[PDB]
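Asks: Opening with a subset of the complex:
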Amino acid sequence: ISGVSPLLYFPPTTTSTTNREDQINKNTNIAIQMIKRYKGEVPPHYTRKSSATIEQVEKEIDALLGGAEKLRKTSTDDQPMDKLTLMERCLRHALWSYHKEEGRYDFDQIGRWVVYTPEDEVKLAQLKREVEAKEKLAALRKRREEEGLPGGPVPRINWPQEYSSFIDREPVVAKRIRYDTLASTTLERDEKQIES
Amino acid sequence: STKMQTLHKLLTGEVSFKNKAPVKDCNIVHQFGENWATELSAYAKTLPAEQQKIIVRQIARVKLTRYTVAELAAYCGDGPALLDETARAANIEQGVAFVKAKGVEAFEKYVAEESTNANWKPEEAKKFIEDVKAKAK
Amino acid sequence: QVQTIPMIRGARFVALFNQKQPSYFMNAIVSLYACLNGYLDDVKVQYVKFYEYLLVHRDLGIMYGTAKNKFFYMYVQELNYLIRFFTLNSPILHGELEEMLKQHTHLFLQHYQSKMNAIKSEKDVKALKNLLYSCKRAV
Amino acid sequence: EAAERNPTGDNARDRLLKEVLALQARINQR
């Protein structure tokens, strides 16, 4: 760092309000904003031809497949399938696709009744990690909130070293400002609102 | 002789650095020493009046360049001559807020760290820390 | 062209000997042991370097959620002095060494070599060559 | 099907390469 500075450097802890609720709510406004433009228009409304609940459909499927259990016979994967097996596969595939679209991410059955292409296994693996990652992050940020630490991730840095190797204060100053401001803000977004 | 000639050309803008780096107070100190201003001023006296005026004007501008753009925008709004006092007051106000926020002993340690990071003299840091404490009460 | 077991292993060994920078003792000996025991028989010669890079730097067992070993992982650089004291054919380290090698070989054949054998696009061919060059120059 | 639905120096080469080959097809026609 060439040239003794004209002033010292101090923490840029300017505004203290930035309540996580308001900042998160502002973050919720952005998330909904970008998604609507990406997706476009809400698709045209569709009227159901018949009325029935997903639970009722699942129960009916279970009843239908339960009476043929004795007749149903297993076979090798490469061998030709039976009528019962085909019906079960189709029904379960549709049911679990509907469930995954809805939000009931039960991976144990989705990987069985929906995976038929290695691409599908890839998608399931990617999805499975994503859900676990979000859960840990939410718990970590909840534990971080329990520990009262800045939500924004902290870069592992020793700023006394930064000024040393650097030739001027300006790039270092700004770098401190950005990370410091990042630490102050929390990167959480409203959950229920987005799912609506 | 060569050093003064190079410095005069650099300040005048005739010759830039090897990498075209900005001619800041930092870089000039980097290549021409801590007291480049004093030696340049003495050297300028051996030059006609027009060159002397240019040297003085360039030196003053370089000193103003010693601040960051954000600091100049925030503090130099009401002229450059009043920039130093406004910046010092703003710097002092930040110290008061920190003291009221996280005690004094931590502030004393922080001031020591910042003075170390700022290449500031122990006397200036002690003068600064005393002033902020007095301002508090 | 009759390719017996010695010929296959010899060809793989020659490919492994291609190096640019010195290799850490653990990485070199482990790779040699895998080739010696025939774990690279199914691996094509041109893909040996890529196989070695994944074995040393990456870890497919951890990647595709199929890890069963307790201590013998290639990211544990402190095992070098345990391999140098007991040998990779010890009762202590032999059991876990085989497991990770088998898992790494199975995953590599299942995922990477299969895709590499199904590349025909000229752009993909060029991309594959660049990957091989990088692997050859780095382990 | 979805891919069909969706759709500067290097552009000049592509323009010339396309246009260069455009006449090569035309000459063959007539």
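Replies: Yes, it's here. Numbering: from 1, shown residues only, chains lettered A, B, ... in the order given.

Asks: which stretch of helix or strand covers residue C:114?
Replies: Element membership of residue C:114 [criterion: DSSP states H and E] is helix C:114-116.

Asks: List the buried residues in that helix.
Replies: residue C:116 (16 or more other C-beta atoms under 10 Å in any protein chain shown). C-beta here means a position set from N, CA and C on the backbone, and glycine is covered the same way.

Asks: Residues touching that helix, excluding its own?
Replies: Applying C-beta atoms under 8 Å, 6 or more residues apart in numbering or on different chains, the contact partners of helix C:114-116 are C:47, C:128.

Asks: Ok, stretch C:50-70 next?
Replies: By C-beta under 8 Å, 6+ apart, stretch C:50-70 touches A:125, C:16, C:27, C:30-31, C:34, C:40, C:43, C:73-75, C:96, C:99-100, C:103-104, C:107-108, C:111-112, C:131-132, C:135, C:138-139.

Asks: and residue A:188, how many neighbours does it have?
Replies: Neighbouring residues of residue A:188 were enumerated by other C-beta atoms under 10 Å in any protein chain shown; the total is 17.

Asks: Once you drop chain neighbours, what's closest to it?
Replies: Nearest in space to residue A:188, with sequence neighbours left out and distances taken as C-beta to C-beta, 6 or more residues apart in numbering or on different chains, is residue A:24 at 5.0 Å.

Asks: Give the other helices and strands that the one helix or strand the one you found maps to contacts.
Replies: Using DSSP H and E, residue A:24 falls within helix A:20-39. Packing partners of helix A:20-39 (3 or more C-beta pairs under 8 Å, 6 or more residues apart in numbering or on different chains; DSSP states H and E): helix A:192-195.

Asks: same for the helix it packs on, what does it pack against?
Replies: Judged by 3+ C-beta pairs under 8 Å, 6+ apart, the packing partners of helix A:192-195 are helix A:20-39.

Asks: then the helix it packs on to CSV, C-alphas only?
Replies: Taking C-alpha atoms only, helix A:20-39 is exported to CSV below (Å, rounded to 0.1, in the frame of the first residue of the first chain):
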residue,chain,number,x,y,z
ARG,A,20,-35.1,-9.3,8.0
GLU,A,21,-38.9,-9.4,7.5
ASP,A,22,-38.8,-6.3,5.3
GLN,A,23,-35.6,-7.2,3.4
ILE,A,24,-36.9,-10.8,2.9
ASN,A,25,-40.3,-9.3,1.8
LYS,A,26,-38.4,-7.1,-0.6
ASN,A,27,-36.6,-10.2,-1.7
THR,A,28,-40.0,-11.9,-2.2
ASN,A,29,-41.1,-9.1,-4.5
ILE,A,30,-38.1,-9.7,-6.7
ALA,A,31,-38.5,-13.5,-6.8
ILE,A,32,-42.2,-13.2,-7.9
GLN,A,33,-41.3,-10.5,-10.3
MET,A,34,-38.6,-12.4,-12.3
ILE,A,35,-40.6,-15.6,-12.3
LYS,A,36,-43.7,-14.2,-13.9
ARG,A,37,-41.7,-12.6,-16.7
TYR,A,38,-39.8,-15.9,-17.2
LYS,A,39,-43.0,-18.0,-17.3
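
Asks: okay, now chain E:
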Amino acid sequence: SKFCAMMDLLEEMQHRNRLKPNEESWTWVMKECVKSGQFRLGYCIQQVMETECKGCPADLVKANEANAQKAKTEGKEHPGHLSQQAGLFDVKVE
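Replies: One more chain to add, chain E, which I have set with the ones above:
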């Protein structure tokens, strides 16, 4: 690394000076693994002591397991970058 330094010393004692390490020598290695937090190394030393020495101290084994669980709870059981999935053309070979 303390563990590497100690293991090298044992190799000198065993393979060059032809002196067999005793139980105490292996117990200074296990202590370091527990103290350092290298639970995976502790597993191997535990088997080493049982195979060669008259078992392993119970306290060190339990302490080693405790370290492993805390990493498991904290998600530190393995290096993070290893779990990241990558494809044929996404592995950034360096």
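
Asks: Please reconsider what packs on helix A:20-39 now that chain E is part of the model.
Replies: Against helix A:20-39 (3+ C-beta pairs under 8 Å, 6+ apart) you get helix A:192-195.

Asks: Quick one: distance of the helix it packs on to the chain centre.
Replies: 12 Å (C-alpha atoms, centre = their mean, to the nearest Å).

Asks: cool, and stretch C:122-132?
Replies: The answer for stretch C:122-132 is 20 Å, by C-alpha atoms, centre = their mean.

Asks: now stretch A:161-180
Replies: Here stretch A:161-180 shows a centroid-to-chain-centroid distance of 34 Å under the convention C-alpha atoms, centre = their mean.

Asks: Buried by neighbour count: which residues of it qualify?
Replies: Quick answer for stretch A:161-180 (16+ other C-beta under 10 Å): A:163, A:166, A:168, A:169, A:170, A:172, A:173, A:176, A:179, A:180.

Asks: Which two among these are spaced furthest apart?
Replies: Maximum pairwise distance in the buried residues of stretch A:161-180, criterion C-beta to C-beta, is 18.9 Å, between A:168 and A:180.

Asks: Next, count neighbours for residue 17.
Replies: Assuming you mean chain A. For residue A:17, the count of nearby residues is 6 (other C-beta under 10 Å).

Asks: Not quite, go with chain D.
Replies: Neighbour count for residue D:17, taken as other C-beta under 10 Å: 10.

Asks: Just the element for it, please.
Replies: Residue D:17 is part of helix D:9-29 when elements are defined by DSSP H and E.

Asks: hmm, who's touching that helix?
Replies: Counting contacts by C-beta under 8 Å, 6+ apart, no residue outside helix D:9-29 touches it.

Asks: what about residue C:129, how many neighbours?
Replies: By other C-beta under 10 Å, the residues close to residue C:129 number 11.

Asks: which ones are touching it?
Replies: Under the criterion of C-beta under 8 Å, 6+ apart, residue C:129 has no contact partners.

Asks: What strand or helix carries it?
Replies: Secondary-structure assignment from DSSP H and E places residue C:129 in helix C:122-137.

Asks: Looking at the buried residues of stretch A:161-180, which is nearest residue A:79?
Replies: Comparing the buried residues of stretch A:161-180 against residue A:79 with C-beta to C-beta places residue A:179 closest, at 61.0 Å.

Asks: Residue A:156 is in contact with that closest one, correct?
Replies: No: using C-beta atoms under 8 Å, residue A:179 is not in contact with residue A:156, being 10.9 Å away.

Asks: add chain F to the structure above:
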Amino acid sequence: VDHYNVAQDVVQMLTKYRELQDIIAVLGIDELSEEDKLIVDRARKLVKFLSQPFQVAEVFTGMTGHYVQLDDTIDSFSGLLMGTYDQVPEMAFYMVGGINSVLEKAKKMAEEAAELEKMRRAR
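Replies: Take a look at chain F, now in place beside the chains above:
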């Protein structure tokens, strides 16, 4: 890295071209495979593409010279190896500078031949 990869590929292709030149001297130029009848072509364009007109020879040879920048050279040869310029005539690369020169000379050849056809079609 790109420069090194392109250079090695050219060398490898040239070496293969020499080996193929031995076999075209055995079974004529059809009996090799499809791949080794695309290698020969792109490696009969590389050889033609390595020649450059020097500005010093403008007075004697008449043709204007070319100074090919390194960036152009890597891209020009890299594209040829992949097979992007598999439709350009071979002679368009002879004594030309840069990929753009190859294209402009192709225009001048395609348009030149256009008059020839209208002449040979007529008369």
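
Asks: Chain F added, so what about the neighbour count of residue C:129 now?
Replies: Counted by other C-beta under 10 Å, the residues lying close to residue C:129 total 14.

Asks: That one and residue C:11: what is the separation?
Replies: 20 Å (C-beta to C-beta, to the nearest Å).

Asks: and the helix holding residue C:129 with chain D, contact?
Replies: No: on the criterion C-beta under 8 Å from any C-beta of the partner chain, helix C:122-137 is out of touch with chain D, staying 14.7 Å away.

Asks: Spatially central residue for chain E, please.
Replies: In chain E, the residue lying closest to the centroid (C-alpha atoms, centre = their mean) is residue E:41, at 1.1 Å.

Asks: Does that one touch residue C:78 like I think?
Replies: Yes: under the criterion of C-beta under 8 Å, residue E:41 makes contact with residue C:78 at 5.7 Å.

Asks: tell me the phi and psi of residue 43?
Replies: No chain was given, so I picked chain A. With angles defined as degrees, to the nearest 10, residue A:43 sits at phi -60, psi 160.

Asks: how distant is the helix holding residue A:24 from the center of its chain?
Replies: Mean C-alpha position of helix A:20-39 versus that of the full chain (C-alpha atoms, centre = their mean) differs by 15 Å.

Asks: ok, now stretch A:119-136?
Replies: Put simply, stretch A:119-136 sits 9 Å off its chain's centre (C-alpha atoms, centre = their mean).

Asks: hmm, back to that, which SS state does the residue nearest to the residue nearest to the centre of chain E when sequence neighbours are not counted fall under?
Replies: Distances taken as C-beta to C-beta, 6+ apart put residue E:33 closest to residue E:41, at 4.7 Å, once the chain neighbours are dropped. Under DSSP: H, G, I helix; E, B strand; the rest coil, the three-state class of residue E:33 is helix.

Asks: Can you get me a residue count around residue E:33?
Replies: Residue E:33: 25 neighbours (other C-beta under 10 Å).

Asks: residues touching it, list them.
Replies: Residues near residue E:33 by C-beta under 8 Å, 6+ apart: E:3, E:39, E:41, E:42, E:45, E:64.

Asks: which residue packs closest to residue C:137, ignoring adjacent ones?
Replies: Nearest non-adjacent residue to residue C:137 (C-beta to C-beta, 6+ apart): residue C:20, at 5.2 Å.

Asks: right, and the secondary structure at the one you found would be what?
Replies: Taken by three-state DSSP, the conformation at residue C:20 corresponds to coil.
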